[PDB]
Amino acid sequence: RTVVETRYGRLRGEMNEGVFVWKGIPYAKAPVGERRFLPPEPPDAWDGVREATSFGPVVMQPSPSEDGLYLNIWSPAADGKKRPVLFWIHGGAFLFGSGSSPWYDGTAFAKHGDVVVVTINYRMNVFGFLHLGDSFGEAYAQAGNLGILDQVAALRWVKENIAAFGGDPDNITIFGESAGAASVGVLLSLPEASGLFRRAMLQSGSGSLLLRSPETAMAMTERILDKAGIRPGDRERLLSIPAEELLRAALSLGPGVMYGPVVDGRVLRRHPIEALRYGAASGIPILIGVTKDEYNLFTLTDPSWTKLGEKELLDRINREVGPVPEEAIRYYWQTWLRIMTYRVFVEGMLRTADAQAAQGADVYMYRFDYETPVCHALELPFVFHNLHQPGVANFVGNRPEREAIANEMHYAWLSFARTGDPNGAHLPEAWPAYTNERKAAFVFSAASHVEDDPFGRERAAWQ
């Protein structure tokens, strides 16, 4: 029951908590040596039965190997029963993370929902998002979005092979948090991903998050190449520099470098949210939401926000997400960081929801208000029902409460993946679809409930 055949050969998984798991499946040829900075290519086939009982390495990151394009599968049974497939794209600011994190363990989903779960690795930071333009020749023109091409490659693997693991290739839901949700927002927009998935869920991110212009990305690349000792156009040193030195050079720039997808004219031909308005994802339902006041949580990793006086503060916010109309200021560190929450998280969520609703697609919107300890999205352990995992801020107190919110969110996400509607008796009241008409949202808290257009006042202050 543990051995499954795929287009590339047989894989041996294991039984775990009454479900089956396959770990470290290669979904692409390792992007090492002469394949460094090139789009992912199909994996080599093998003879015999390949072990899939250990995770593969994670991709290069501060935390690893350039050989890290692996995915993992949890399933109640490798049979032909066409279960919904949940395809998870982790977050980590396009800098760190992995699908093998215990936080994303798919056991609970698979057990409680009778679904297949897939988690993936994709290239990050300087290996996945180094925008080179034409500076190293046409072969590297896609380099600024390789981590997105990796995700598409994994999704193609799943569409081609998941039936063998008990999944329905025509019922895939892609979902992600933070940079993972930005990834889902990009994929929703992408012609070459259309038809690979049926539904999408975006947790505390959207296609706008961490998105770069070519001008912005090239300037960052120039600084990284300087630190790496690589002259523009020297392909020899681009491919021979040790992966750890290249990673060090980038990280040596701190915050004057952020990674993410680039509207480069080659993989991303236009803004991923604006594309939705032209019907890029017309038949695709989405479930989307945000963590209440999420930018206040960023002071933990960046306390400098708290040091600044009101004036310095506002000039900073203006430089990062401005201009800020006077009317917004009037509506409005705790008070002024609300501007960062709205511009980075809330606006892109509302623009995404408004675009899909205008296309007639179903949209379900939420706000997560539950206070729980710490891009600082907080839904994750409740959505995965992974309150018990390592790395999860599992602290004493609140246990029945935490279980109850997990039982609301976990089963809503499962219902959405199964049917395209999160509703059912696991919710204390119905969750109406978001329409231009009412702009309903579900609020997850100690007492979950529906609010009509909760973001409206703020949004009107701006728009």
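The first residue of the shown sequence is 1; numbering continues from there.
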Open item on the list: Neighbours in the displayed sequence, residue 332 and residue 333 may still hide a gap; how many deposited residues lack coordinates there, none, 1 to 3, 4 to 9, or 10 or more?
Closed with: 10 or more
Task: Size class of the missing deposited segment between residue 374 and residue 375 - done: 4 to 9
TODO: Averaging the C-alpha B factors as listed in the entry, name the stretch that ends up higher: 135-143 or 195-203.
DONE: 135-143
- [ ] Could you settle it for me: does 86-94 or 355-363 have the higher average Cα B factor in the PDB entry?
- [x] 355-363
Task: Among 306, 119, 178, 173 - the residue whose C-alpha B-factor is largest in the record - done: 306
Open item on the list: I'd like to know which of 150, 294, 236, 347 has the highest C-alpha temperature factor in the PDB entry.
Closed with: 236
Task: Modelled-residue ranking by C-alpha temperature factor, third containing residue 270 - done: middle
Open item on the list: When the deposited Cα B-factors of this chain's modelled residues are ordered and cut into thirds, is residue 414 in the lowest, the middle or the highest one?
Closed with: lowest
Open item on the list: Considering every modelled residue of the chain and its Cα B-factor in the PDB entry, is residue 400 in the lowest, middle or highest third?
Closed with: highest
Task: residue 276 - which third its CA temperature factor falls in, relative to the rest of the chain - done: middle
Task: Ranked against its chain, the third holding the CA B-factor of residue 161 - done: middle
